[PDB]
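Some notes on the structure that comes next.
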Amino acid sequence: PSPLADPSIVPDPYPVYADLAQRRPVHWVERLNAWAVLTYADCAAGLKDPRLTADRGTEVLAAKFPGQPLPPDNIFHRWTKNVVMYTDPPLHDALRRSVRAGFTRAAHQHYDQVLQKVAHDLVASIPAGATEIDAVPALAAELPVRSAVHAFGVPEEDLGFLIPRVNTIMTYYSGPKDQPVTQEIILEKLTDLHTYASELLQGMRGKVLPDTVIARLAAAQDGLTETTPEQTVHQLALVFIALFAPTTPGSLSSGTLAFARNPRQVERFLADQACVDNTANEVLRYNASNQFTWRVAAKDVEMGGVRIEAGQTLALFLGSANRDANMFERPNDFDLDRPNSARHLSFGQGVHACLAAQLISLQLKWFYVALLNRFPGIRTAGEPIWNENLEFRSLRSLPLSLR
Ligand code: HEM
Ligand SMILES: N[C@@H](Cc1c[nH]c2ccccc12)C(=O)O
């Protein structure tokens, strides 16, 4: 019976992942209704294997809410079948092109400057007499919300509507454990994000800051020719979910912990710009926030000596792949001098590689620039405590001393 379904692995899964990558690199996890895939080689190729489809909302819903299917007209199916995350090419590619205006080279030139300032301002807000901080609520949870506002264009005044709704929706992705929130409630909040997205663009909600992702997307709508208004609304809903997911906080907090525990890496960062430049990727490699991602077999495939039949579900363990010693020597070392950290799988790979990958790496880079030049002596001030979630894994508490 798979140790991947044991809640006790979440604080430190890596010894279990390493053992299973060796002995059981592909194996069945009953609680996921899926084949777990543990090695870098199999995860990276699986992400780019056209025999594995991203059209998986049916299968994954059946895994998470067995006995509770939904019809094709239900918001769950209309959303999944009309967003980049859960579509294959060619539709995927039309949907991705339709959001290009938010993510151009010029746009990221602007976001680089916004994020530098946002992170600067966050860290500068920590009072002089503060030696202790819980880096989760104070910093890791906070930076992504300030980025959502200033770089993405989510109105600040609408955060009270969005934050709790995304937190509810995100319980869908609770890993191999009982669902804490009913399907009915999740679908209601998913519906609510669609209403909000459409009303935001109509000017019925908050004010979107200029030159942000959402402002750019809004201005692009008149020129779209291969997608529909409903598709834009579906895609915004996904964007809201991704913006307020625990992914970015977990990356910030797990990287902060890594620095706290590895002071010579602080020294490296302050000594060598190449180590700065590699910080986002080494942090992303060191702990994938999304530890596994889902696929379905569109055709029979063979992986890890297992024949996976068309229609079966797979869980590609990005978090295990990132610490596979065959790809990353001494994979449990947090090492800014590592030469291949950019090979991590935390943003996936290929067709569905994270749309926000550059935005998030800029956010991480500027955070650590600000934090570590202010407070190079960061250390633990108690036990870091993890959320009870393997799928989207993150710290709930990170007590630190700043000096
Ligand atoms: C550290 C933070 C984040 C991490 C670790 C993360 C991780 C991922 C991963 C693993 C995928 C690929 C999943 C798969 O193929 O199965 C993905 C895709 C995606 N990401 Fe992120 N992501 C983050 C932040 C964000 C944010 C803030 C947004 C907001 C826009 C976002 C938007 C997306 C979208 C739209 C896709 C789908 C792209 C496609 O299907 O073409 N990501 N991300
Ligand atoms: N892993 C998710 C896809 C995903 C990646 N990043 C996310 C952020 C938020 C929500 C979902 C996602 C899935 O297989 O369904």
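FYI, nothing fancy with the structure tokens labels: chains A, B, ... in order, residues from 1 per chain, ligands from 1 as they appear.
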Problem - Residues of segment 264-293 of chain A in alpha helix (DSSP H), written as number ranges by chain - result: A: 264-271, 273-286
Problem - Nearby residues, ligand 1, 6 Å, only C-alpha atoms and all ligand atoms, as a list in words - result: residues 84, 85, 96, 239, 242, 243, 247, 248, 251, 289, 290, 293, 294, 346, 347, 348, 351, 352, 353, 354, 355, 356 and 360 of chain A
Please write the residues from the selection above to a file, keeping N, CA, C and O atoms, as a PDB file, in the first residue's frame.
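And here is the file that came out, out_11.pdb:
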```
ATOM      1  N   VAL A  84      -6.384  26.769 -20.867  1.00  0.00           N
ATOM      2  CA  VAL A  84      -5.119  26.191 -21.252  1.00  0.00           C
ATOM      3  C   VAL A  84      -4.725  24.961 -20.415  1.00  0.00           C
ATOM      4  O   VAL A  84      -4.188  24.020 -20.944  1.00  0.00           O
ATOM      5  N   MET A  85      -4.960  25.007 -19.129  1.00  0.00           N
ATOM      6  CA  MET A  85      -4.408  23.989 -18.233  1.00  0.00           C
ATOM      7  C   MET A  85      -4.916  22.583 -18.563  1.00  0.00           C
ATOM      8  O   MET A  85      -4.118  21.592 -18.465  1.00  0.00           O
ATOM      9  N   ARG A  96      -3.913  29.844 -25.387  1.00  0.00           N
ATOM     10  CA  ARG A  96      -2.678  30.460 -24.945  1.00  0.00           C
ATOM     11  C   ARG A  96      -2.346  31.732 -25.706  1.00  0.00           C
ATOM     12  O   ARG A  96      -1.977  32.757 -25.088  1.00  0.00           O
ATOM     13  N   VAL A 239      -6.674  32.087 -13.834  1.00  0.00           N
ATOM     14  CA  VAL A 239      -5.660  33.005 -13.416  1.00  0.00           C
ATOM     15  C   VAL A 239      -5.857  33.413 -11.940  1.00  0.00           C
ATOM     16  O   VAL A 239      -4.871  33.423 -11.159  1.00  0.00           O
ATOM     17  N   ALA A 242      -4.825  30.497  -9.735  1.00  0.00           N
ATOM     18  CA  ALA A 242      -3.369  30.337  -9.722  1.00  0.00           C
ATOM     19  C   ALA A 242      -2.708  31.468  -8.933  1.00  0.00           C
ATOM     20  O   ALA A 242      -1.728  31.206  -8.227  1.00  0.00           O
ATOM     21  N   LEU A 243      -3.236  32.686  -9.017  1.00  0.00           N
ATOM     22  CA  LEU A 243      -2.630  33.853  -8.312  1.00  0.00           C
ATOM     23  C   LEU A 243      -2.710  33.698  -6.820  1.00  0.00           C
ATOM     24  O   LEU A 243      -1.768  34.058  -6.098  1.00  0.00           O
ATOM     25  N   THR A 247       0.934  28.063  -4.146  1.00  0.00           N
ATOM     26  CA  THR A 247       2.165  27.851  -4.898  1.00  0.00           C
ATOM     27  C   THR A 247       3.259  28.905  -4.683  1.00  0.00           C
ATOM     28  O   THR A 247       4.412  28.580  -4.340  1.00  0.00           O
ATOM     29  N   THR A 248       2.933  30.165  -4.908  1.00  0.00           N
ATOM     30  CA  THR A 248       3.921  31.219  -4.753  1.00  0.00           C
ATOM     31  C   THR A 248       4.329  31.403  -3.265  1.00  0.00           C
ATOM     32  O   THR A 248       5.545  31.415  -2.956  1.00  0.00           O
ATOM     33  N   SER A 251       6.733  28.578  -2.330  1.00  0.00           N
ATOM     34  CA  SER A 251       8.059  28.762  -2.914  1.00  0.00           C
ATOM     35  C   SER A 251       8.834  29.773  -2.071  1.00  0.00           C
ATOM     36  O   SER A 251       9.990  29.517  -1.712  1.00  0.00           O
ATOM     37  N   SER A 289       6.282  23.517  -5.220  1.00  0.00           N
ATOM     38  CA  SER A 289       5.044  23.750  -4.469  1.00  0.00           C
ATOM     39  C   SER A 289       3.956  22.770  -4.898  1.00  0.00           C
ATOM     40  O   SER A 289       3.206  22.228  -4.087  1.00  0.00           O
ATOM     41  N   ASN A 290       3.802  22.606  -6.208  1.00  0.00           N
ATOM     42  CA  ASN A 290       2.892  21.588  -6.728  1.00  0.00           C
ATOM     43  C   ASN A 290       3.657  20.299  -6.889  1.00  0.00           C
ATOM     44  O   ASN A 290       4.419  20.149  -7.817  1.00  0.00           O
ATOM     45  N   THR A 293       1.495  16.583 -10.525  1.00  0.00           N
ATOM     46  CA  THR A 293       0.509  17.072 -11.419  1.00  0.00           C
ATOM     47  C   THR A 293      -0.106  15.872 -12.141  1.00  0.00           C
ATOM     48  O   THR A 293       0.507  14.823 -12.202  1.00  0.00           O
ATOM     49  N   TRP A 294      -1.317  16.045 -12.641  1.00  0.00           N
ATOM     50  CA  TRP A 294      -2.112  14.934 -13.146  1.00  0.00           C
ATOM     51  C   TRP A 294      -2.010  14.846 -14.675  1.00  0.00           C
ATOM     52  O   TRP A 294      -1.924  15.871 -15.367  1.00  0.00           O
ATOM     53  N   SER A 346       9.267  22.348 -11.591  1.00  0.00           N
ATOM     54  CA  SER A 346       8.237  23.000 -10.743  1.00  0.00           C
ATOM     55  C   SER A 346       7.210  23.803 -11.506  1.00  0.00           C
ATOM     56  O   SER A 346       6.139  24.065 -10.954  1.00  0.00           O
ATOM     57  N   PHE A 347       7.563  24.212 -12.732  1.00  0.00           N
ATOM     58  CA  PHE A 347       6.635  24.923 -13.610  1.00  0.00           C
ATOM     59  C   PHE A 347       6.134  24.009 -14.744  1.00  0.00           C
ATOM     60  O   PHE A 347       5.571  24.493 -15.737  1.00  0.00           O
ATOM     61  N   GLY A 348       6.356  22.712 -14.594  1.00  0.00           N
ATOM     62  CA  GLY A 348       6.147  21.784 -15.684  1.00  0.00           C
ATOM     63  C   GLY A 348       7.118  22.000 -16.810  1.00  0.00           C
ATOM     64  O   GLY A 348       8.226  22.552 -16.616  1.00  0.00           O
ATOM     65  N   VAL A 351       4.195  22.043 -23.442  1.00  0.00           N
ATOM     66  CA  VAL A 351       2.987  22.742 -23.904  1.00  0.00           C
ATOM     67  C   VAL A 351       2.362  23.560 -22.798  1.00  0.00           C
ATOM     68  O   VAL A 351       1.936  24.715 -23.025  1.00  0.00           O
ATOM     69  N   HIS A 352       2.374  23.012 -21.583  1.00  0.00           N
ATOM     70  CA  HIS A 352       1.648  23.656 -20.446  1.00  0.00           C
ATOM     71  C   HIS A 352       2.558  24.315 -19.447  1.00  0.00           C
ATOM     72  O   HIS A 352       2.153  24.628 -18.335  1.00  0.00           O
ATOM     73  N   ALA A 353       3.811  24.527 -19.833  1.00  0.00           N
ATOM     74  CA  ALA A 353       4.767  25.170 -18.896  1.00  0.00           C
ATOM     75  C   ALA A 353       4.194  26.472 -18.376  1.00  0.00           C
ATOM     76  O   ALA A 353       3.576  27.269 -19.141  1.00  0.00           O
ATOM     77  N   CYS A 354       4.391  26.707 -17.073  1.00  0.00           N
ATOM     78  CA  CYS A 354       3.674  27.768 -16.400  1.00  0.00           C
ATOM     79  C   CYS A 354       3.686  29.108 -17.134  1.00  0.00           C
ATOM     80  O   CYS A 354       4.755  29.649 -17.494  1.00  0.00           O
ATOM     81  N   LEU A 355       2.493  29.650 -17.345  1.00  0.00           N
ATOM     82  CA  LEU A 355       2.347  30.900 -18.090  1.00  0.00           C
ATOM     83  C   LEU A 355       3.057  32.051 -17.364  1.00  0.00           C
ATOM     84  O   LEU A 355       3.531  32.995 -17.984  1.00  0.00           O
ATOM     85  N   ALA A 356       3.110  31.947 -16.028  1.00  0.00           N
ATOM     86  CA  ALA A 356       3.647  32.970 -15.145  1.00  0.00           C
ATOM     87  C   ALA A 356       5.105  32.703 -14.732  1.00  0.00           C
ATOM     88  O   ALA A 356       5.590  33.334 -13.826  1.00  0.00           O
ATOM     89  N   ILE A 360       6.960  34.811 -11.824  1.00  0.00           N
ATOM     90  CA  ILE A 360       7.249  34.237 -10.531  1.00  0.00           C
ATOM     91  C   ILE A 360       8.765  34.261 -10.286  1.00  0.00           C
ATOM     92  O   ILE A 360       9.160  34.563  -9.154  1.00  0.00           O
TER      93      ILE A 360
END
```
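Residue nearest ligand 2 within the list A:236, A:29, A:316, A:139: A:316 [criterion: smallest interatomic distance, only C-alpha atoms and all ligand atoms].
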Could you name the residues that touch residue 322 of chain A at 9 Å or less, counting only C-alpha atoms, but leaving out those on the same chain fewer than 4 positions away, as a CSV table (one decimal) with N, CA and C atoms, in the first residue's frame?
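Contents of result_10.csv, freshly written:
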```csv
chain,number,residue,atom,x,y,z
A,39,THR,N,10.5,9.4,-11.1
A,39,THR,CA,11.8,9.8,-11.5
A,39,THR,C,11.8,11.0,-12.4
A,40,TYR,N,12.9,11.7,-12.5
A,40,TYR,CA,13.0,12.9,-13.3
A,40,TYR,C,12.8,12.5,-14.8
A,284,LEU,N,13.0,26.9,-6.5
A,284,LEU,CA,11.9,26.2,-7.2
A,284,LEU,C,12.3,24.7,-7.3
A,285,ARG,N,13.5,24.4,-7.6
A,285,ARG,CA,14.0,23.0,-7.6
A,285,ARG,C,13.9,22.4,-6.2
A,286,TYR,N,14.3,23.1,-5.2
A,286,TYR,CA,14.4,22.5,-3.9
A,286,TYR,C,13.2,22.0,-3.3
A,287,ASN,N,12.1,22.7,-3.6
A,287,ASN,CA,10.8,22.3,-3.1
A,287,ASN,C,9.8,22.7,-4.2
A,288,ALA,N,9.3,21.8,-5.0
A,288,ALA,CA,8.2,22.1,-5.9
A,288,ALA,C,6.9,22.4,-5.0
A,317,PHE,N,5.2,13.1,-10.2
A,317,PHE,CA,5.7,13.7,-9.0
A,317,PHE,C,6.9,14.6,-9.3
A,318,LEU,N,6.5,15.8,-9.7
A,318,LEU,CA,7.5,16.9,-9.9
A,318,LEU,C,8.4,17.1,-8.7
A,327,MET,N,19.7,13.2,-11.9
A,327,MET,CA,19.7,14.5,-12.6
A,327,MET,C,20.3,15.6,-11.8
A,328,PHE,N,20.2,15.6,-10.5
A,328,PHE,CA,20.7,16.7,-9.6
A,328,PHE,C,21.6,16.0,-8.6
A,331,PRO,N,21.1,15.9,-4.4
A,331,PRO,CA,19.9,16.7,-4.6
A,331,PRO,C,19.3,17.3,-3.4
A,341,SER,N,20.1,24.0,-12.2
A,341,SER,CA,18.8,24.3,-11.4
A,341,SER,C,17.7,24.6,-12.4
A,343,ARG,N,16.7,23.3,-14.9
A,343,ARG,CA,16.1,22.0,-15.4
A,343,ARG,C,15.0,21.5,-14.5
A,344,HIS,N,14.7,22.2,-13.4
A,344,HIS,CA,13.6,21.7,-12.5
A,344,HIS,C,12.2,21.6,-13.2
A,345,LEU,N,11.3,20.9,-12.6
A,345,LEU,CA,10.0,20.7,-13.2
A,345,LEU,C,8.9,21.4,-12.5
A,346,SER,N,9.3,22.3,-11.6
A,346,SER,CA,8.2,23.0,-10.7
A,346,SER,C,7.2,23.8,-11.5
```
Handout entry: Counting only C-alpha atoms and all ligand atoms, the option among A:60, A:36, A:385, A:45 closest to ligand 2
Key =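 Ranked by minimum distance to ligand 2, first place goes to A:60.
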Find the spatial neighbours of residue 144 of chain A, counting only C-alpha atoms, within a cut-off of 12 Å - ignore same-chain residues fewer than 3 positions away - and output them as a tab-separated table (two decimals) with N, CA, C and O atoms, in the first residue's frame.
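Saved the output as out03.tsv:
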```
chain	number	residue	atom	x	y	z
A	115	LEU	N	8.01	44.56	-9.60
A	115	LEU	CA	8.26	43.57	-8.56
A	115	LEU	C	9.47	43.88	-7.69
A	115	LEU	O	9.49	43.58	-6.47
A	118	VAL	N	7.91	46.36	-5.25
A	118	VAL	CA	6.99	45.71	-4.35
A	118	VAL	C	7.74	44.94	-3.26
A	118	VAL	O	7.40	45.08	-2.06
A	119	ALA	N	8.74	44.13	-3.68
A	119	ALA	CA	9.52	43.35	-2.72
A	119	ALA	C	10.36	44.26	-1.79
A	119	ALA	O	10.40	44.07	-0.58
A	122	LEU	N	8.03	45.73	0.84
A	122	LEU	CA	7.64	44.71	1.79
A	122	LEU	C	8.68	44.54	2.85
A	122	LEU	O	8.44	44.68	4.03
A	136	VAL	N	5.74	33.13	7.15
A	136	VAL	CA	4.59	32.79	6.33
A	136	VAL	C	3.59	33.95	6.20
A	136	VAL	O	3.46	34.53	5.15
A	137	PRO	N	2.86	34.31	7.28
A	137	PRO	CA	1.90	35.41	7.05
A	137	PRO	C	2.57	36.74	6.72
A	137	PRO	O	2.08	37.52	5.86
A	138	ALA	N	3.71	37.02	7.34
A	138	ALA	CA	4.30	38.32	7.14
A	138	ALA	C	4.87	38.56	5.74
A	138	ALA	O	5.02	39.72	5.34
A	139	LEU	N	5.35	37.51	5.08
A	139	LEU	CA	6.15	37.72	3.91
A	139	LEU	C	5.72	36.83	2.78
A	139	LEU	O	5.36	37.31	1.68
A	140	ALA	N	5.81	35.51	3.00
A	140	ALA	CA	5.49	34.54	1.94
A	140	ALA	C	4.04	34.64	1.44
A	140	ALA	O	3.81	34.57	0.20
A	141	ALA	N	3.08	34.81	2.35
A	141	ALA	CA	1.66	34.95	1.96
A	141	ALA	C	1.41	36.35	1.41
A	141	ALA	O	0.52	36.52	0.57
A	147	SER	N	1.84	41.35	-5.33
A	147	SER	CA	2.13	41.13	-6.77
A	147	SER	C	0.86	41.00	-7.58
A	147	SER	O	0.75	41.56	-8.69
A	148	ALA	N	-0.14	40.28	-7.04
A	148	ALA	CA	-1.48	40.17	-7.66
A	148	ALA	C	-2.05	41.51	-7.93
A	148	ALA	O	-2.61	41.75	-9.00
A	149	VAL	N	-1.90	42.42	-6.97
A	149	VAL	CA	-2.43	43.82	-7.08
A	149	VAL	C	-1.61	44.65	-8.10
A	149	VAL	O	-2.12	45.19	-9.11
A	150	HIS	N	-0.31	44.72	-7.88
A	150	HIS	CA	0.54	45.66	-8.58
A	150	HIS	C	1.06	45.21	-9.91
A	150	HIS	O	1.32	46.04	-10.77
A	151	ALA	N	1.25	43.91	-10.09
A	151	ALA	CA	1.74	43.39	-11.36
A	151	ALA	C	0.58	42.77	-12.18
A	151	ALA	O	0.48	42.98	-13.37
A	152	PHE	N	-0.32	42.06	-11.50
A	152	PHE	CA	-1.43	41.42	-12.21
A	152	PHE	C	-2.63	42.30	-12.39
A	152	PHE	O	-3.37	42.08	-13.35
A	154	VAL	N	-5.13	42.85	-10.01
A	154	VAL	CA	-6.32	42.52	-9.22
A	154	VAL	C	-6.61	43.75	-8.33
A	154	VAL	O	-5.72	44.24	-7.65
A	159	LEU	N	-9.92	41.94	-2.99
A	159	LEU	CA	-9.18	40.81	-2.37
A	159	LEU	C	-10.04	40.05	-1.35
A	159	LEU	O	-9.93	38.82	-1.22
A	163	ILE	N	-9.87	36.08	-2.12
A	163	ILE	CA	-8.94	35.24	-1.35
A	163	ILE	C	-9.64	34.02	-0.76
A	163	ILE	O	-9.23	32.86	-1.03
A	240	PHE	N	-7.10	33.69	-11.53
A	240	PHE	CA	-7.35	34.08	-10.13
A	240	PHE	C	-6.97	32.94	-9.24
A	240	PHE	O	-6.36	33.15	-8.15
A	242	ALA	N	-4.83	30.50	-9.74
A	242	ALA	CA	-3.37	30.34	-9.72
A	242	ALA	C	-2.71	31.47	-8.93
A	242	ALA	O	-1.73	31.21	-8.23
A	243	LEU	N	-3.24	32.69	-9.02
A	243	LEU	CA	-2.63	33.85	-8.31
A	243	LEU	C	-2.71	33.70	-6.82
A	243	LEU	O	-1.77	34.06	-6.10
A	244	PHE	N	-3.81	33.18	-6.33
A	244	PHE	CA	-4.04	33.05	-4.87
A	244	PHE	C	-3.84	31.65	-4.29
A	244	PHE	O	-4.00	31.45	-3.12
A	245	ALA	N	-3.41	30.72	-5.12
A	245	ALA	CA	-2.99	29.38	-4.72
A	245	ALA	C	-1.78	29.49	-3.80
A	245	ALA	O	-1.04	30.47	-3.86
A	246	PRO	N	-1.54	28.41	-3.01
A	246	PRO	CA	-0.38	28.36	-2.14
A	246	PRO	C	0.95	28.11	-2.83
A	246	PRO	O	1.99	27.97	-2.17
A	247	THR	N	0.93	28.06	-4.15
A	247	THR	CA	2.16	27.85	-4.90
A	247	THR	C	3.26	28.91	-4.68
A	247	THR	O	4.41	28.58	-4.34
A	248	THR	N	2.93	30.17	-4.91
A	248	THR	CA	3.92	31.22	-4.75
A	248	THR	C	4.33	31.40	-3.27
A	248	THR	O	5.55	31.42	-2.96
A	249	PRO	N	3.35	31.40	-2.35
A	249	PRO	CA	3.77	31.46	-0.90
A	249	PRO	C	4.67	30.29	-0.53
A	249	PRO	O	5.64	30.48	0.16
A	250	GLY	N	4.34	29.09	-1.01
A	250	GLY	CA	5.20	27.94	-0.61
A	250	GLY	C	6.59	28.04	-1.13
A	250	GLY	O	7.52	27.66	-0.46
A	251	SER	N	6.73	28.58	-2.33
A	251	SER	CA	8.06	28.76	-2.91
A	251	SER	C	8.83	29.77	-2.07
A	251	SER	O	9.99	29.52	-1.71
A	252	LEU	N	8.21	30.91	-1.76
A	252	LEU	CA	8.87	31.96	-0.98
A	252	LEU	C	9.28	31.42	0.39
A	252	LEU	O	10.43	31.61	0.78
A	253	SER	N	8.34	30.74	1.10
A	253	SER	CA	8.62	30.31	2.46
A	253	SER	C	9.64	29.14	2.47
A	253	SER	O	10.52	29.13	3.31
A	359	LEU	N	7.34	35.77	-14.46
A	359	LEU	CA	6.79	36.63	-13.43
A	359	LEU	C	7.13	36.11	-12.04
A	359	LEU	O	7.52	36.83	-11.18
A	360	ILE	N	6.96	34.81	-11.82
A	360	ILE	CA	7.25	34.24	-10.53
A	360	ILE	C	8.76	34.26	-10.29
A	360	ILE	O	9.16	34.56	-9.15
A	361	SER	N	9.61	33.97	-11.26
A	361	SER	CA	11.04	34.01	-10.98
A	361	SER	C	11.49	35.43	-10.65
A	361	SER	O	12.34	35.58	-9.79
A	362	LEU	N	10.85	36.46	-11.28
A	362	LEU	CA	11.18	37.82	-10.93
A	362	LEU	C	10.75	38.11	-9.49
A	362	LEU	O	11.43	38.81	-8.76
A	363	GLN	N	9.60	37.61	-9.08
A	363	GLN	CA	9.11	37.83	-7.73
A	363	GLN	C	10.00	37.20	-6.71
A	363	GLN	O	10.37	37.86	-5.69
A	364	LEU	N	10.45	35.98	-6.97
A	364	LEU	CA	11.35	35.29	-6.06
A	364	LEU	C	12.68	36.05	-5.99
A	364	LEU	O	13.18	36.25	-4.88
A	367	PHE	N	12.47	39.28	-4.03
A	367	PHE	CA	12.23	39.01	-2.61
A	367	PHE	C	13.50	38.75	-1.92
A	367	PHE	O	13.80	39.33	-0.87
```
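Computed from the coordinates, the atom CA of residue 384 of chain A to atom CA of residue 398 of chain A distance equals 4.7 Å.
With distances taken over only C-alpha atoms and all ligand atoms, A:171 is the one residue among A:74, A:171, A:401, A:22 lying closest to ligand 2.
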